[PDB]
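Student: Here it is: the structure, laid out below.
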Amino acid sequence: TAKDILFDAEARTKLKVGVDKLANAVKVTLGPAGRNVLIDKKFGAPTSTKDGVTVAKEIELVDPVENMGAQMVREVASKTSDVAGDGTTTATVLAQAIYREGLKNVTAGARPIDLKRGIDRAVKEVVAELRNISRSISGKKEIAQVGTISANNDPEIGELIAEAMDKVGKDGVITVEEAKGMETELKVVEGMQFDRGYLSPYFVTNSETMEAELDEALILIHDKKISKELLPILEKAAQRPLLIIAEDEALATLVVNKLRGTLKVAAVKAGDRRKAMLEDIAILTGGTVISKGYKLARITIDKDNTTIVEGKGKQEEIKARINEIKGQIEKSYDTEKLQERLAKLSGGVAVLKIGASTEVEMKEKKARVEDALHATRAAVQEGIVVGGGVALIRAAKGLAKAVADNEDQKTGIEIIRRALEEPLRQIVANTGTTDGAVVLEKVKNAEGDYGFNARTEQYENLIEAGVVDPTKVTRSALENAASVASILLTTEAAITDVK
Amino acid sequence: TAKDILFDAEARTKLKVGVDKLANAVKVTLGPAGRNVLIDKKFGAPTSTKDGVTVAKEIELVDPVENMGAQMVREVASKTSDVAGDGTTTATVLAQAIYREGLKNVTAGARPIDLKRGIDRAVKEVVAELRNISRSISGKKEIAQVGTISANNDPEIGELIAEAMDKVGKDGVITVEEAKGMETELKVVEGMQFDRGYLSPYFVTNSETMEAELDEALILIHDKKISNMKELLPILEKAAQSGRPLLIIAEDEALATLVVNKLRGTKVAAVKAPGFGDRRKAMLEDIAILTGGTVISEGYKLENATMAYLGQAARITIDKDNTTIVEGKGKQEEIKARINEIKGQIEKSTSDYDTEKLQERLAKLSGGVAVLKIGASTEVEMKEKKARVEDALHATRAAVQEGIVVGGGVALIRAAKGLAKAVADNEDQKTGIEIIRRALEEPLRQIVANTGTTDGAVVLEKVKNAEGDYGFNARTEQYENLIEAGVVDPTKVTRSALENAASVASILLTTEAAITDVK
Amino acid sequence: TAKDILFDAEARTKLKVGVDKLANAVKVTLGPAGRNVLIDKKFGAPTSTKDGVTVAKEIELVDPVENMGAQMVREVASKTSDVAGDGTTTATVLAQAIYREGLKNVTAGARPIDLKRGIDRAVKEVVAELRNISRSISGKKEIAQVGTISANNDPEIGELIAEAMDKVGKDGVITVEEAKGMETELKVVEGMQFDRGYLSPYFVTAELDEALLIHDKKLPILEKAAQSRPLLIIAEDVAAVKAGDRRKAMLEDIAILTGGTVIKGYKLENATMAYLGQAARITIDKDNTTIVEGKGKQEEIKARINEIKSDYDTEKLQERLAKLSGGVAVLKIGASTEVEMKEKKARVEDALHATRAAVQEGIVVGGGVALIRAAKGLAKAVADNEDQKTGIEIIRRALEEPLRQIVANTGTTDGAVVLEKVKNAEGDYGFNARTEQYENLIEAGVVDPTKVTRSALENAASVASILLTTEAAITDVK
Amino acid sequence: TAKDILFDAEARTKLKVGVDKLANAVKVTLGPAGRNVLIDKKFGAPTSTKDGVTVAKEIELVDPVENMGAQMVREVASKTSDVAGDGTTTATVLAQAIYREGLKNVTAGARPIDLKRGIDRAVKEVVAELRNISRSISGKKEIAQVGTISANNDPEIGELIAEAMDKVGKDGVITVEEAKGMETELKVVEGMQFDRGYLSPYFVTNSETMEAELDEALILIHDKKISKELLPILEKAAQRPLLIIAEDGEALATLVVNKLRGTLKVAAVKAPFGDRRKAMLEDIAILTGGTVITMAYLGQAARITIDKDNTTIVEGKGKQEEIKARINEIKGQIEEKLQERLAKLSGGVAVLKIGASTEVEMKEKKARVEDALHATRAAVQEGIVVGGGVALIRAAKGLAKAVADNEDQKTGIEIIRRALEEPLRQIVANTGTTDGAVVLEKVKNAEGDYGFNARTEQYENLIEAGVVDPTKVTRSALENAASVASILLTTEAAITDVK
Ligand SMILES: [Ca+2]
Ligand SMILES: [Ca+2]
Ligand SMILES: [Ca+2]
């Protein structure tokens, strides 16, 4: 269709309006002092949410140029919680500050590409200093402590996550499921996980976790493309859910039936490494690959992940596949990919069964366990830092190592320096305090983990009081915010359809 | 869809208009002097109602942000009369007062978070003082006295409610049904109650009470989710040959078939199974042996279709929060054996948790269901006094729990004495406390205002300077002793009205943004 | 659906506009001098009517709040005519006057509730005095005269009602059908009638010969009884009629008069057709169901009478004795042509209904004079304050409105003098709008049943009291 | 339908508005300093691209006359990247500058046709001088250098391109597929290609590459026209896709509906004229194992790729002695186009199997090879000039040989003179510096390969620094730009439908 094109300053200023509309909406929920946001419904009472992810997913604008900038910062900041599980709102606040002060200097005559270089060099040094203050977590002692903090002072949850990672390892597969009663238990079952996600978002079973739950599901292994093709195998299977695994018209047939009352299915994709894993996935679930003269318990489907929990094969035939994998190990960079498959079959999947007195309390703990698990998995990888937005301020000391080739690149370093204070400035601002300018000054002049705690409105040691953020959360927020702001600063044109 | 966003003062002020539109409409019906509200109808004469709940259900606004505030106060205040049986309009009047005075101070420089803390600390002390001034109701004598007051001075109803609570206890299951004649009687029949709702409001039989009533219904017990609408077709078709309604008890768009089929023609309802996990499979058997049927586990829904496996009961009532099975057709023989089985498992007493967890299951099959059959000379007279029994029953149920206090809004004023124990960390928190102090007078000030007098300021002064149960009775327009005169409220109603009102008023003060779709 | 809300003065003022629009349309038809109203139709010539009820049923307004006030008065004033024969327009005129003066004082600062208390106290005393001046009607001579006046001065119609009420009694069942010829014949036939009626609007046909089903509780017999005779279905659920403690006792009474039995050891699915009571002819319209010649056992019906023959309950089942022992008189009216027959047959039904009401609560002077005479009872009305006293005064001036509208419809501007000459006079002296002369209205034949007059005032004060106490009007957004 | 007509200057001015909107949007992506362009999406985050080809395809205008000017320049400039593999953005920048100065002199009173004559004489001289300063590429040493440059300094890619051209020759057919594993290999099979592509774009299997890919399809040779008729033999092979090769309407649309729907994947390609087309039909039979005009008459093998202007068959179904029998028959005629007939079967097709560590890196490396392969074929053909827009400035010395009859024709010569420096002026402008006027004068004064490198923002020798463009790219962008700009200068009327 026809287009409307905006150029340079007129395009960048209108993008700022959309970025500001997104940020100002989500940033009021930042921190423990975050305020309440009302999201209207079509009928009934509205939704009261203090979560910044809920507010962000509802943000949409009438003006397409403003909506572009709002959707740009949304997609980039959303990639923070994908590999971490927290910090989307922090990245959004940072992205607004980096882009606001960047445009001010671009208007002043600074080169946008030099401001980008100064930002990119400043970010590498802030992350460097950020890892210097990072404290790694390993062992069932301090792992259970991180899980207890993320579970809001629940030591029984921390040990459940600690003893789970002591079986399959720190890189192992951990799954949370509902128990059969008050007792919470931990067991390990045969299963694997790969990096192929769902083909369409319409396969999501519950928007709470954005996953797809298939209970007692049949598995279909196919090495060819999709575009349905074979009705009888698919139609007769509807007489238990079915997971279809192919190499790629037929997708629309599965989406309509997914929303339909019956025929509940999901579609997940799978060189020669894929041919061997399909037979390995079929030997685990007892199925048969179709490639080869073939003609015609729980499965969790995430965005980037697919996990088969307790796939039922033959116990002896699955172990016979293990002998073939390690047998080829002794016969050989190429051997690294083969040993990965060895840990998937023999490693298993640790399942965390959570239960409570009532059903609403059983789903209460399951919500906290999945949150505590996701945060602890990130704390084991890149470590932990001080929360409350202080770690970004402490990491500002590393800016002295940033080298600016000219004045404009030095300005970009100053933009990052002033942006690091914005998350803490907003956390104090959400308390309704008019003195928040002094609060930032005391925390900045201090050292270490000393900072302002917005929950009790008291100055104390944040790590000692349980206020901490995963290092992966803090560094990803700054990297993503600086990424989207640099793309918007260097954007000379904005193209959109005509209404 | 694209969104429009309001921020801070502009959002809170727009939300206040919706709360005022809701409150000003419902509050004219408060008290015995409450005035009449005309509600337009599609065709014919309009509906005249003095009931604040009926007026509240009709309130809807064109402005999306204003409608949000109106629906916020509506849902939270509706929870007052949900558990306590009354107090919805009082919760709305209190919510408008706390929110109005709250917004005045926010624009004056007060932090909303410290106001909320001052609000919450004041309410905890006012509820505390309500507990101290509350008279606990116990014993067959005064229970009938409370039931007589709630019945509008009918001694027969109070004695009937008191006798019902004597058979099944305080927590027993009591239902109100129509009788066959002028004689009012009480019948205790075998049954139980579990908390589960219908899977869709379209199953509701009588939209006035929002209940699904089934006479001589068939009970289908299944422990797994049904998404099929295929394997269940032969057993559902075999129920059409019987002609009696069907209640499907399962774990769970297959429910859309039964919702549309029963709405447009031929009469069945479905609810979720009670509990979960291993405790669900055991309760489904108790809900089976009681109704005279068997559980379908892994038999199957497709094959093995037998009406002997289906249970049946005389009457089954399903509200949104609960499902009641009255007079199950299961024989008394195996029911006695099921009791000794659970009592034998309770005699083992292994885990301290499972000990009382199993007794909750035993008490449902032991105490049964007490049925109150109400009748009169004419059919229209029975429907009048049947609604009075259902109101008097729910009022007495709440009176036995938390006690009773003085009505006429005086208990809220008397409970202000507890504000001296409310500690304030700063002036903003102290401001939130005096916001609660001025809000407690609002229910009485509105009750007096509904009399039409301009002297309400003087009436509020006499009652506050009075002592104990002395207050103004808006019905007779006389200063007297309200408890001696029969003006009383369950303590649960009064404390829930203030708690809910302060809850929704605190959320709106802490609301910095309002998101709504573009028109 | 979103709503628009009005409060207090704004709400009640717009409600008054709708009430004024309804009253001003119907009140021009009041009295014998009432004027003419044209009602548009879809195609052809419009309908012209002097009847206030016809104009009332056509009143619908575009403004929802104004329409609510019009439908309020319409529904309440229509209840006056449930059993009246007249008086629907009078109740609307009274409701307009009470509500107008009510709002007028509410704006002046009077409490609406104190006005309502004064209104209700004033009505009880007016109705009390209305019964003191009322004259009871009993005996075939007085009933024949009242029936003649209700027949538009037809002496034989009044005698027909009197002789029919002479054999079956004052409370007896009287029905009207069409004669088979010129002769108008009255004959007492066996049967009973109750107050129930058809459960739906349809099946008007309801004339059923050889009815040939009594079911107390909530299928194959319908197809069985169809071949071998229209069936009547009496149950609590080719015609069906609805059926507390005295309900089942009368089910056996109908089962004895009919040749069947009540279908609780009887199942409606397994019930034989021999249990179906068969009568001669059944006539069912809306509020009544008439059974004629139930064809039951004369020995069983005579035995059930002896079975019947502690205070209000003893007289409750004593009315069932009049069902079996008493009969149903049939009035068959005929003439030379069908146009003169069906018209005269409708005049008998309208005259019988008025005569039935005159026997119950009595008769009072017409022309709106009874409401003015009954104003003397207001001296017994006790006022607790000045606001309630103004409520007494509202009713006082309201009672003059019906007579003032009758004189206004004559087109004269002298109606103010006619109202004063009536109030200064005592007794039955009044103004006859037919001859436009002063005379005694009872001797002149101008009279209304006391039930008609008291119901118009009680209903008018009722609907006007609700509107004065209405603080809110909620309507759907356009 | 009714029309709106604009005449002369009124029509040419409106066309310029559309030309400017196309150029100004695409030109910000020109050069290594090119800046991002945000293109809106129906839902989700918008597309951010630095590619001028992606931006150009999105430009569409509301005004009909303005859209004509944008579509004229876009289609003509797209022919640059079609044959030469690149330079479609440069052609748009040149066409904007030529048409801008053209209209400016037409308003000054210069005859448009003499401006066109002056432009065309100048282009022939600039292209001639561009050939003089070009450097021919030959041998495995020079080809490996060009392939490594187009691969962003990846010696494995440059050597593979030179090795592939070492077998099939300079003009031989080279195709790129995806390898079955980590190892990158090379294989040669017996195949041929012809200049006839697909009949309809709806047969495209893969998008954004403007092509169609048939994996393991069947070939049918038909000498007549296809207008349901031959359907009886079509469903016999429907129980694998098939490739129909015939002279061509009615039944062609039936295959279009079956394409987008996904039932019986098929593609139609015109037969390669007269007796010569039937002669190549036998070569398309014997080599492909089919029979000219039954399931025995349809050959097949490997994968068939179908471009717009091209179609390729791979590896054939023919027997080893069967292909040699027809090769001896064509070689039977001794004593100019008959040599190209036997150069197809005997030439073969070189298949490039590209692979990487993961599946995501393979498609990034594969597209890198496909761009390098297309860039190398232009280097071996017309040579290589200096990049960075310097070759257009150096070739301006050839304007002395251009003979101008009158002043208007001399004006056209100078229009080309000022336009040749426009691409370099835009590359420096994309850096954000306001001093770019100095960079242009400093490069113009220097001689040879000395020019400005916008990647490092420093002056150097561009040929030794890796900055180079194929001569075919530079000369085509100028010839295409001057072509469309001359048509618009001579356009006296613009006719378009009424809205
Ligand atoms: Ca809405
Ligand atoms: Ca209407
Ligand atoms: Ca859009």
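By order of appearance in the structure tokens: chains A, B, ..., then residues from 1 within every chain, and ligands from 1 in the order shown.
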List every residue of stretch 281-315 of chain D that DSSP, applied to the backbone, labels as strand (DSSP E), and write the result as a PyMOL selection string.
Tutor: chain D and resi 299-300+303-306+311-312
Student: Generate a file of the selected residues that holds C-alpha atoms, formatted as a tab-separated table (two decimals), in the first residue's frame.
Tutor:
chain	number	residue	atom	x	y	z
D	299	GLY	CA	12.60	-37.50	-15.81
D	300	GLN	CA	13.83	-35.95	-12.58
D	303	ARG	CA	16.80	-29.89	-7.03
D	304	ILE	CA	15.49	-27.43	-9.64
D	305	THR	CA	15.69	-23.71	-8.88
D	306	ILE	CA	13.60	-21.26	-10.92
D	311	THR	CA	15.87	-21.81	-14.57
D	312	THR	CA	18.36	-24.51	-13.57
Student: Give me, as JSON lines, the closest atom pair and its distance (Å, one decimal) for every residue of chain A within a cut-off of 12 Å of chain C, counting only C-alpha atoms, rows sorted by chain and rising number.
Tutor:
{"residue": "A:42", "atom": "CA", "partner": "C:1", "partner_atom": "CA", "distance": 11.6}
{"residue": "A:43", "atom": "CA", "partner": "C:1", "partner_atom": "CA", "distance": 10.0}
{"residue": "A:44", "atom": "CA", "partner": "C:1", "partner_atom": "CA", "distance": 11.7}
Student: Around ligand 3, which protein and nucleic acid residues have at least one atom no more than 7 Å from it, if we count only C-alpha atoms and all ligand atoms? List them as a VMD selection string.
Tutor: (chain A and resid 64) or (chain D and resid 41 to 43)
Student: Suppose we keep C-alpha atoms; can you now write the selection as an mmCIF file, in the first residue's frame?
Tutor:
data_model
loop_
_atom_site.group_PDB
_atom_site.id
_atom_site.type_symbol
_atom_site.label_atom_id
_atom_site.label_comp_id
_atom_site.auth_asym_id
_atom_site.auth_seq_id
_atom_site.Cartn_x
_atom_site.Cartn_y
_atom_site.Cartn_z
ATOM 1 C CA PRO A 64 2.052 4.624 13.548
ATOM 2 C CA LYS D 41 4.670 -3.762 10.318
ATOM 3 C CA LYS D 42 1.012 -4.714 10.633
ATOM 4 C CA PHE D 43 1.685 -5.911 14.187
#
Student: Using only C-alpha atoms and all ligand atoms, find each residue with an atom at most 12 Å away from ligand 2 and format the answer as a list in words.
Tutor: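 Result of the 12 Å neighbour search around ligand 2: residues 39, 40, 41, 42, 43, 44, 45 and 46 of chain B; 60, 61, 62, 63, 64, 65, 66, 67, 68, 70, 71, 475, 476, 477 and 478 of chain C.
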Student: At a cut-off of 9 Å around ligand 1, and using only C-alpha atoms and all ligand atoms, what residues come up? Please write them as a VMD selection string.
Tutor: (chain A and resid 40 to 44) or (chain B and resid 61 to 64 67 to 68 516 to 517)
Student: Env of residue D:252: 10 Å cut, atoms = only C-alpha atoms, seq-sep filter 3 positions within chain, self excluded. Answer as an MDAnalysis selection string.
Tutor: chainID D and resid 199:200 226:228 248:249 255:257 267:268
Student: Write the residues of the preceding selection, restricted to C-alpha atoms, as a PDB file, in the first residue's frame.
Tutor:
ATOM      1  CA  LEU D 199       5.402 -18.078 -15.839  1.00  0.00           C
ATOM      2  CA  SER D 200       3.849 -16.687 -12.638  1.00  0.00           C
ATOM      3  CA  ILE D 226      -0.892 -25.746 -22.513  1.00  0.00           C
ATOM      4  CA  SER D 227      -4.265 -23.997 -22.308  1.00  0.00           C
ATOM      5  CA  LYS D 228      -7.592 -30.115 -17.542  1.00  0.00           C
ATOM      6  CA  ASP D 248       2.991 -22.030 -22.085  1.00  0.00           C
ATOM      7  CA  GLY D 249      -3.435 -19.796 -20.047  1.00  0.00           C
ATOM      8  CA  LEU D 255      -1.797 -24.393 -11.250  1.00  0.00           C
ATOM      9  CA  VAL D 256      -1.719 -20.944  -9.615  1.00  0.00           C
ATOM     10  CA  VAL D 257      -4.636 -21.791  -7.314  1.00  0.00           C
ATOM     11  CA  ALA D 267       5.873 -25.026 -11.513  1.00  0.00           C
ATOM     12  CA  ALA D 268       5.669 -24.107 -15.197  1.00  0.00           C
TER      13      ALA D 268
END
Student: Could you please determine the separation between atom CA of residue D:165 and atom CA of residue D:139 in Å, to one decimal place?
Tutor: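 According to the coordinates, atom CA of residue D:165 and atom CA of residue D:139 are separated by 9.4 Å.
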Student: Residues of chain A no more than 6 Å from chain B, counting only C-alpha atoms: send them over as JSON, numbers by chain.
Tutor: {"A": [35, 36, 37, 38, 39, 40, 45, 46, 60, 61, 62, 180, 181, 261, 432]}
Student: Selected residues, N, CA, C and O atoms, written as a short mmCIF file (atom, residue, chain, number, x, y, z; two decimals), in the first residue's frame, please.
Tutor:
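Final output, selection-v4.cif:
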data_model
loop_
_atom_site.label_atom_id
_atom_site.label_comp_id
_atom_site.auth_asym_id
_atom_site.auth_seq_id
_atom_site.Cartn_x
_atom_site.Cartn_y
_atom_site.Cartn_z
N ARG A 35 3.67 2.17 41.78
CA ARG A 35 2.26 2.48 41.97
C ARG A 35 1.39 1.50 41.17
O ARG A 35 1.88 0.61 40.48
N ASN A 36 0.08 1.69 41.28
CA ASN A 36 -0.89 0.80 40.64
C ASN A 36 -1.30 1.37 39.29
O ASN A 36 -1.42 2.59 39.12
N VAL A 37 -1.51 0.48 38.32
CA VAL A 37 -1.94 0.86 36.98
C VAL A 37 -3.24 0.12 36.67
O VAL A 37 -3.32 -1.10 36.85
N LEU A 38 -4.24 0.87 36.22
CA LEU A 38 -5.55 0.31 35.88
C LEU A 38 -5.62 0.09 34.38
O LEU A 38 -5.45 1.03 33.59
N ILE A 39 -5.89 -1.15 33.97
CA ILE A 39 -6.04 -1.52 32.57
C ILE A 39 -7.50 -1.88 32.34
O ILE A 39 -8.02 -2.83 32.94
N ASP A 40 -8.16 -1.12 31.47
CA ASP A 40 -9.58 -1.30 31.23
C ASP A 40 -9.87 -2.63 30.53
O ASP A 40 -9.05 -3.14 29.77
N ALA A 45 -14.95 -5.36 35.99
CA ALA A 45 -14.00 -4.52 36.70
C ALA A 45 -12.64 -4.54 36.01
O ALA A 45 -12.23 -5.56 35.45
N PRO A 46 -11.91 -3.42 36.04
CA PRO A 46 -10.61 -3.37 35.36
C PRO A 46 -9.55 -4.20 36.07
O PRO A 46 -9.82 -4.83 37.10
N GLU A 60 -0.23 0.33 23.10
CA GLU A 60 -0.36 0.46 21.66
C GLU A 60 -0.87 1.87 21.37
O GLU A 60 -1.69 2.39 22.12
N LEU A 61 -0.38 2.47 20.29
CA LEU A 61 -0.66 3.86 20.00
C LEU A 61 -1.35 4.01 18.65
O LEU A 61 -1.21 3.16 17.76
N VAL A 62 -2.09 5.11 18.50
CA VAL A 62 -2.81 5.36 17.25
C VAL A 62 -1.85 5.79 16.15
O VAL A 62 -1.90 5.29 15.02
N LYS A 180 0.15 -33.82 44.05
CA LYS A 180 -1.11 -34.49 44.32
C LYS A 180 -1.66 -34.20 45.71
O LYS A 180 -2.70 -34.74 46.08
N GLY A 181 -0.98 -33.36 46.49
CA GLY A 181 -1.43 -33.10 47.84
C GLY A 181 -0.56 -32.07 48.53
O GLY A 181 0.14 -31.30 47.88
N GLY A 261 -12.69 -26.45 19.98
CA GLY A 261 -12.86 -27.23 21.19
C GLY A 261 -12.10 -28.54 21.18
O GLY A 261 -11.61 -28.98 22.22
N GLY A 432 6.56 8.81 46.01
CA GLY A 432 5.91 10.09 46.16
C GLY A 432 6.74 11.14 46.86
O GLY A 432 6.19 12.17 47.26
#
Student: Kindly provide, as a list in words, the residues of chain D having any atom no farther than 8 Å from an atom of chain A, counting only C-alpha atoms.
Tutor: residues 25, 28, 35, 36, 37, 38, 39, 40, 41, 44, 45, 46, 58, 59, 60, 61, 62, 179, 180, 181, 261, 262, 359, 431, 432 and 433 of chain D
Student: Give me a file of those residues, with N, CA and C atoms, as an mmCIF file, in the first residue's frame.
Tutor:
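Contents of the output file out.cif:
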data_model
loop_
_atom_site.group_PDB
_atom_site.id
_atom_site.type_symbol
_atom_site.label_atom_id
_atom_site.label_comp_id
_atom_site.auth_asym_id
_atom_site.auth_seq_id
_atom_site.Cartn_x
_atom_site.Cartn_y
_atom_site.Cartn_z
ATOM 1 N N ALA D 25 14.671 8.558 0.585
ATOM 2 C CA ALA D 25 14.492 7.457 1.523
ATOM 3 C C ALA D 25 15.587 6.405 1.375
ATOM 4 N N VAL D 28 19.860 7.430 2.208
ATOM 5 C CA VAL D 28 20.412 7.427 3.559
ATOM 6 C C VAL D 28 21.018 6.085 3.938
ATOM 7 N N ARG D 35 22.555 4.650 7.224
ATOM 8 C CA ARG D 35 21.816 4.768 8.469
ATOM 9 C C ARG D 35 20.478 4.046 8.370
ATOM 10 N N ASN D 36 19.961 3.651 9.530
ATOM 11 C CA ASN D 36 18.797 2.778 9.588
ATOM 12 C C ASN D 36 17.543 3.472 9.069
ATOM 13 N N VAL D 37 16.626 2.661 8.547
ATOM 14 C CA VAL D 37 15.311 3.106 8.101
ATOM 15 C C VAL D 37 14.281 2.193 8.746
ATOM 16 N N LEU D 38 13.346 2.778 9.488
ATOM 17 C CA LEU D 38 12.308 2.013 10.168
ATOM 18 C C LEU D 38 11.116 1.836 9.235
ATOM 19 N N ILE D 39 10.770 0.584 8.952
ATOM 20 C CA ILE D 39 9.639 0.238 8.102
ATOM 21 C C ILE D 39 8.586 -0.434 8.971
ATOM 22 N N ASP D 40 7.359 0.077 8.913
ATOM 23 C CA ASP D 40 6.313 -0.366 9.822
ATOM 24 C C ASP D 40 5.826 -1.769 9.470
ATOM 25 N N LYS D 41 5.293 -2.458 10.476
ATOM 26 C CA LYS D 41 4.670 -3.762 10.318
ATOM 27 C C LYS D 41 3.208 -3.686 10.738
ATOM 28 N N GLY D 44 3.466 -5.903 15.812
ATOM 29 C CA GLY D 44 4.773 -6.216 16.351
ATOM 30 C C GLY D 44 5.765 -5.091 16.150
ATOM 31 N N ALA D 45 7.034 -5.433 16.351
ATOM 32 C CA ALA D 45 8.097 -4.453 16.195
ATOM 33 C C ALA D 45 8.355 -4.187 14.713
ATOM 34 N N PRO D 46 8.648 -2.945 14.339
ATOM 35 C CA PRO D 46 8.892 -2.638 12.928
ATOM 36 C C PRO D 46 10.237 -3.171 12.460
ATOM 37 N N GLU D 58 9.703 -0.855 -0.590
ATOM 38 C CA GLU D 58 8.594 -0.429 0.251
ATOM 39 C C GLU D 58 8.000 0.911 -0.161
ATOM 40 N N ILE D 59 8.659 1.665 -1.037
ATOM 41 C CA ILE D 59 8.189 3.006 -1.374
ATOM 42 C C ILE D 59 7.001 2.891 -2.321
ATOM 43 N N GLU D 60 5.867 3.445 -1.900
ATOM 44 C CA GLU D 60 4.676 3.563 -2.726
ATOM 45 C C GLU D 60 3.960 4.829 -2.288
ATOM 46 N N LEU D 61 3.419 5.571 -3.249
ATOM 47 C CA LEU D 61 2.922 6.912 -2.987
ATOM 48 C C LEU D 61 1.416 6.985 -3.201
ATOM 49 N N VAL D 62 0.787 7.935 -2.505
ATOM 50 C CA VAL D 62 -0.656 8.128 -2.630
ATOM 51 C C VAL D 62 -0.989 8.807 -3.951
ATOM 52 N N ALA D 179 24.673 -27.210 3.131
ATOM 53 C CA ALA D 179 25.392 -28.445 3.399
ATOM 54 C C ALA D 179 24.674 -29.270 4.464
ATOM 55 N N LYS D 180 24.989 -30.562 4.487
ATOM 56 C CA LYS D 180 24.392 -31.498 5.429
ATOM 57 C C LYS D 180 25.106 -31.530 6.774
ATOM 58 N N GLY D 181 26.132 -30.713 6.963
ATOM 59 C CA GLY D 181 26.868 -30.743 8.206
ATOM 60 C C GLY D 181 27.819 -29.576 8.335
ATOM 61 N N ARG D 261 -2.451 -22.558 -2.466
ATOM 62 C CA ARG D 261 -3.219 -23.388 -1.544
ATOM 63 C C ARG D 261 -2.368 -24.481 -0.910
ATOM 64 N N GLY D 262 -1.373 -24.989 -1.630
ATOM 65 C CA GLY D 262 -0.492 -26.012 -1.108
ATOM 66 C C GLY D 262 -0.795 -27.427 -1.544
ATOM 67 N N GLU D 359 22.728 -23.997 12.983
ATOM 68 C CA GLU D 359 21.808 -23.830 11.864
ATOM 69 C C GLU D 359 21.558 -22.364 11.538
ATOM 70 N N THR D 431 27.873 10.072 7.119
ATOM 71 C CA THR D 431 28.714 10.031 8.308
ATOM 72 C C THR D 431 28.311 11.060 9.354
ATOM 73 N N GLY D 432 27.476 12.034 8.996
ATOM 74 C CA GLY D 432 27.023 13.042 9.928
ATOM 75 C C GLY D 432 27.878 14.288 9.999
ATOM 76 N N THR D 433 29.011 14.322 9.303
ATOM 77 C CA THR D 433 29.889 15.482 9.343
ATOM 78 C C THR D 433 29.387 16.568 8.401
#
Student: Counting only C-alpha atoms, give me one row per residue of chain C with an atom at most 8 Å from an atom of chain B, showing the shortest contact pair and its distance in Å to one decimal, sorted by chain then residue number, as a Markdown table.
Tutor:
| residue | atom | partner | partner_atom | distance |
| --- | --- | --- | --- | --- |
| C:1 | CA | B:60 | CA | 6.5 |
| C:2 | CA | B:60 | CA | 4.4 |
| C:3 | CA | B:60 | CA | 5.6 |
| C:4 | CA | B:61 | CA | 7.8 |
| C:5 | CA | B:25 | CA | 7.8 |
| C:64 | CA | B:40 | CA | 7.3 |
| C:65 | CA | B:40 | CA | 7.8 |
| C:68 | CA | B:46 | CA | 5.9 |
| C:71 | CA | B:45 | CA | 4.8 |
| C:72 | CA | B:45 | CA | 5.5 |
| C:75 | CA | B:45 | CA | 6.6 |
| C:111 | CA | B:452 | CA | 5.4 |
| C:112 | CA | B:452 | CA | 7.0 |
| C:113 | CA | B:452 | CA | 7.2 |
| C:244 | CA | B:181 | CA | 5.1 |
| C:245 | CA | B:181 | CA | 4.4 |
| C:466 | CA | B:36 | CA | 7.1 |
| C:469 | CA | B:35 | CA | 5.8 |
| C:470 | CA | B:36 | CA | 4.5 |
| C:471 | CA | B:37 | CA | 6.1 |
| C:472 | CA | B:37 | CA | 4.8 |
| C:473 | CA | B:38 | CA | 4.8 |
| C:474 | CA | B:39 | CA | 4.9 |
| C:475 | CA | B:40 | CA | 4.8 |
| C:476 | CA | B:40 | CA | 7.1 |
